[PDB]
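*Asks:* Quick one: the structure is below, and I'll ask about it shortly.
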Amino acid sequence: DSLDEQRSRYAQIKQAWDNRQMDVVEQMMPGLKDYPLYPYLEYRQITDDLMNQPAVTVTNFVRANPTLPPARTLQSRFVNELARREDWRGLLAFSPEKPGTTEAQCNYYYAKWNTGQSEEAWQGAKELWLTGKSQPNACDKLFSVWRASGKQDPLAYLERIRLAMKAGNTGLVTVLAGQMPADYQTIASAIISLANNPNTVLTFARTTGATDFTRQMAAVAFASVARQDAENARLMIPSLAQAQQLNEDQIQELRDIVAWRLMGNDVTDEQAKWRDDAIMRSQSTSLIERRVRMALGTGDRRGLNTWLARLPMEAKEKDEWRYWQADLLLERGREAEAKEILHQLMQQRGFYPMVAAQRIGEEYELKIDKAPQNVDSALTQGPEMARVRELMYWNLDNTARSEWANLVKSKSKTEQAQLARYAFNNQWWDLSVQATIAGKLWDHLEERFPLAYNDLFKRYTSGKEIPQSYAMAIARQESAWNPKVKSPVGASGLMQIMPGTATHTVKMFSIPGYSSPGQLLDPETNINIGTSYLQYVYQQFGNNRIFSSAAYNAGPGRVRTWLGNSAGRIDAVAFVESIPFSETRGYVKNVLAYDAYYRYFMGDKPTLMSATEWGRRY
C-alpha cells in the first residue's frame, strides 16, 4: 500500500457512500485505517446512525481523536442526541462537564435539574438567560422549569427585556412582556406597544413611572424613531426629558442620537446649527469623528480645524487624525511640524503611512520580517499536519481551515511563523494567511500576501484594464485566499461574488458556461466572473481604484451618491476618509494598501495611488 493508493480508495469509498452502496463501503473501510483521513470516515459512520449509538462508542471516538475538529463538535452533538432520547442520567455520564455549544449547555443544565441538581441548574440557566439574543429552542424547557421553581429573580426577568430591547430583538421583548411576572404586569402592555412601534415612545414615557429601566427602554425606542424621522425625534427631546425627569447625561445621549441622523446632505440650516451645538456638548468620540468626516467630505477647512480639535486626546493618536493634523499644519505653513508627523507615520505599516510617503514625495519603505530559515518542526511532521495535507490535496479548504486552526492555536510566535511559511511553501495560500493572523505576524508581508492563483489572475486580466495586482488585492481582501468560503448572505469564493451579481455579470459580458452559484467555488470560474465585474465598475468610474473598490463593496449607486455629495471639492484621501459606511471605508483602505504590497511582490513600485487618482478632484 501507499499514500497514493489510499488516496484513490478514499475518493472511491466516498463515491460509493454517497450512492449508499454500503456493501462497497463495508468492504473498503478496514483497508483505509492507515490513511490520514480515516477518522473522518469513522465520524461519518458514527453519525450515520447517531440515534442508535451507545454512548461508549462516542466516548471512545472522542477520546481517540483529541485534535480532530469533528470529534470535538461531536461532544456537543451527542449531548443533544442524549437530550432527544430524554436520557438525562446518560447525558451527564457522557458529559459531566459543561459542553461547548449553547444548545448543548441548555440541555446539560436541564439534565442537572432532572437529576436533582436544581441549584446548579439555576446557576446555568441564569447565565444562559442574561442575553438579548434569542437562545436555542432547547433552552425553553430549562427557562420554564427555572421560573416554575420560584428561584428566578424577577429583576433577572426584567433585565432580559432590557437586553433584548437594546439588541433590537423586539420579538423577544414582546414574548417576554406577554409572559410578564405579576411584579411588572402593570407595564407589560406599554412595553409590547413600544416593541411593536417605537413611535409610542412619548406615550410610554408619560404613562409609566420613570426609572432606570423605563428610561433605557425609551432611549432605545427614541433611536428607532430618529432613524425613521430625525426631525420628529429632535423636536421630541424636551417632552421626553420632562416626562422622565432626565438628567444632563441622559439628555445629551438623546442629543447624540439625533445628531447622528443629521449628517446627510439634505439638512436645513436650523438642523445643522442644532446638530453642531449638540456635538459641541457631546462626549461621544465616534460622533465627533463622524462630524470630522463631514468636514473632510465637503472641503470645509475651518470645520476640519474646529472638529479635529474637539476629538479627545486618545482619538488623536489614530493614523487618520495624525495625517489630517499634518494636512492642516502644512496649509498653515508649519512645514517642520507637519513633516515630522508624516515621517513618523511612514515608519508604520498601512494605508496612512503610505499616504504620508506619497504626500511628501518619498518612497515608502516596506518592513518585511522573514520567517525562520528552518520551517520543519515536530508540528509539521505529525498526524494533524498529515490530515491537513490530505484535506488540501482534495481542495477541502473549509475542513482544512478547522484543522489548521487547532495546529496554530496556542503556539509560539516562532512556531506560528514556521507554520505560515510551511503553508506558503506548499502553496496553501489560505493557510499561510490564516497562520499570520493567528500569530499576529503583521510584518511578515510575504506570507500575508502570497501570489495566489498567479497564472489565472494574469490570464483573466490580460485583456482587461484592471491591473493583475489590483484583482489580487480585491480577492485577498474578500476571501483571504480561501476559494471555498461563503458568507452568511451567500457571497462565494475568492472574490466573494453574490449569485445575483454573477448572473448579471454573465449576461452583461456574454460569458459562457455558467449555470449555478455552486460553480463560484471553483477558482477559475470565480476569477473569470469576478474580474469581469471588477473591470465593469473600474471602466464605469474612469479607471479609478478608489471608486471601483467602493463600488465592488457597496454598489455603483452608493458611489454615485457619495461623488454627488463631495461634488469635486475634495482630494483623494479626503474622499476615502469621508466615505460614510465604515465597512466600505475600511475596505477601500485595505485594498489600496494590499495592491501596493502585491505590486511590490510582483517587482513593481508600490506607490499608493496613480498620478491620476492622486490629483483628481473628488
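*Asks:* What whole-number distance in Å separates the alpha-carbon centres of region 477-538 and region 539-618?
*Replies:* Cα centroid to Cα centroid, the span is 21 Å.
*Asks:* Can you tell me, using C-alpha contacts under 8 Å and at least 6 residues apart, the relative contact order of region 523-599 as a whole percent?
*Replies:* 25
*Asks:* Find the all-direction average of the projected area of the Cα convex hull for region 1-363, expressing the result in square nanometres with one decimal place.
*Replies:* Reported value for the Cα convex hull: 28.8 nm².
*Asks:* Also: How much length, in nm to one decimal, is gained on full extension between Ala567 and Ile368, taken as 0.36 nm per residue of separation minus their Cα-Cα distance?
*Replies:* That works out to 67.7 nm of additional length.
*Asks:* What ranking of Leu194, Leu441, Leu176 emerges when the number of other C-beta atoms within 10 Å of each C-beta is taken as an exposure proxy, fewest first?
*Replies:* Placing the least packed residue first, the sequence is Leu441, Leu176, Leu194.
*Asks:* Can you tell me the FRET efficiency between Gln228 and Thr186 if r is taken as the Cβ-Cβ distance and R0 is 22 Å, rounded to the nearest 0.05?
*Replies:* Here the calculated transfer efficiency is 0.20.
*Asks:* Moving to a separate point now. Past the 12 angstrom mark, what percentage of all C-alpha to C-alpha distances in region 140-190 do you count?
*Replies:* 65
*Asks:* Rounded, prolate or oblate: pick one for region 15-58, where a ≥ b ≥ c are the square roots of the eigenvalues of its C-alpha gyration tensor, a/c under 1.5 means rounded, and failing that, prolate if a/b is larger than b/c, else oblate.
*Replies:* oblate
*Asks:* Between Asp87 and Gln427, how many nm apart are label points set 7 Å from Cα along the C-beta direction?
*Replies:* 4.8
*Asks:* Turning to a different aspect of this structure: Would you kindly state how much longer the chain becomes between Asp522 and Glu331 on full extension, computed as 0.36 nm times their sequence separation minus their alpha carbon distance, in nm to one decimal?
*Replies:* Here the answer is 63.6 nm.
*Asks:* Now for a different question. Test of understanding: express the Cα radius of gyration of region 347-393 as a ratio to 2.2 N^0.38 Å, with N the residue count.
*Replies:* 2.04
*Asks:* Further question: Hey, can you grab everything whose amide H is under 5 Å from the amide H of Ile497? Only 5+ residues off in sequence or another chain; H modelled, so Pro and N-termini drop out.
*Replies:* Close amide H contacts, sequence-distant or interchain: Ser492.
*Asks:* Continuing with the same structure: Express the Stokes-Einstein translational diffusion coefficient of region 446-618 in µm² s⁻¹, to the nearest whole number, given a Kirkwood radius over alpha-carbon pairs, 4 °C and a viscosity of 1.567 mPa s.
*Replies:* 79
*Asks:* Taking just the C-alpha trace of region 284-416, give me its Rg and Dmax in Å.
*Replies:* Reported Rg and Dmax, both Å: 22.9, 64.
*Asks:* While we're here: Across region 98-213, how many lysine pairs, 8 or more apart or on two chains, come within less than 24 Å at their alpha-carbon atoms?
*Replies:* 16
*Asks:* Stick to Cα atoms and the Kirkwood definition of Rh, then tell me Rg/Rh for region 543-612.
*Replies:* Taking Rg over the Kirkwood Rh, I get 0.99.
*Asks:* Work out the FRET efficiency for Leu396 and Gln15 from their Cβ-Cβ distance, taking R0 = 22 Å, and round it to the nearest 0.05.
*Replies:* The formula returns an efficiency of 0.90 here.
*Asks:* Can you give me the C-alpha center-to-center distance between region 123-176 and region 417-469, rounded to a whole angstrom?
*Replies:* 45
*Asks:* Report the gain in length on full extension from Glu317 to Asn247: 0.36 nm times residue separation, minus Cα-Cα distance, nm rounded to one decimal.
*Replies:* Length gained, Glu317 through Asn247: 22.0 nm.
*Asks:* Next question. How big is the Kirkwood radius of region 376-445, worked out from every pair of different alpha carbons and given in Å to one decimal?
*Replies:* So the Kirkwood estimate lands at 11.7 Å.
*Asks:* Under the definition of Cα pairs under 8 Å and six or more residues apart, what whole-number percent is the relative contact order of region 73-196?
*Replies:* Result for region 73-196 is 18 percent.
*Asks:* Using the alpha carbon gyration tensor of the chain, what are the three equivalent-ellipsoid semi-axes (square root of 5 times each eigenvalue), largest first, in whole Å?
*Replies:* Semi-axis lengths for the chain are 45, 42, 22 Å.
*Asks:* Which of the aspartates and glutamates could a cross-linker span from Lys370 if the Cα-Cα distance has to be under 14 Å and same-chain partners fewer than 8 positions apart are dropped?
*Replies:* Reachable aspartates and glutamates: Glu415, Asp443, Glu446, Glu447.
*Asks:* Just want the ordering: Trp146, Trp122, from fewest to most Cβ atoms lying within 10 Å of their own Cβ.
*Replies:* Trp122, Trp146
*Asks:* In addition: I'd like to verify something in the chain: which complete DSSP H helices, judged by Cα projection on the helix axis, reach 24 Å or more and average at least 1.0 on the Kyte-Doolittle scale?
*Replies:* Span-like helices in the chain: none at all.
*Asks:* Below 19 Å, Cα to Cα, which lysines can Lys409 reach? Residues fewer than 8 away in the same chain don't count.
*Replies:* Within reach: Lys440.
*Asks:* Exposure proxy check: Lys339, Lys589 ranked by fewest other beta carbons within 10 Å?
*Replies:* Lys339, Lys589
*Asks:* Quick check: pseudo-label points 7 Å beyond the Cα along Cα→Cβ at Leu50 and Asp277, how many nm apart are they?
*Replies:* A separation of 6.2 nm, rounded to one decimal place.
*Asks:* With r as the distance between the Cβ atoms of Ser487 and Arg301 and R0 = 45 Å, compute the FRET efficiency 1/(1 + (r/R0)^6) and round to 0.05.
*Replies:* Once rounded, the FRET efficiency stands at 0.65.
*Asks:* What translational diffusion coefficient, in µm²/s and rounded to a whole number, does the Stokes-Einstein relation yield for region 134-226 at 10 °C and a viscosity of 1.306 mPa s, taking the hydrodynamic radius as the Kirkwood radius over Cα pairs?
*Replies:* Answer, rounded: 117 µm²/s.
Each reported figure results from applying straightforward, stated rules to the coordinates on display, with no laboratory input. When we count neighbours, we look across all protein chains shown, and the Cβ atoms used for this are built from the backbone with ideal geometry, even at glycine.
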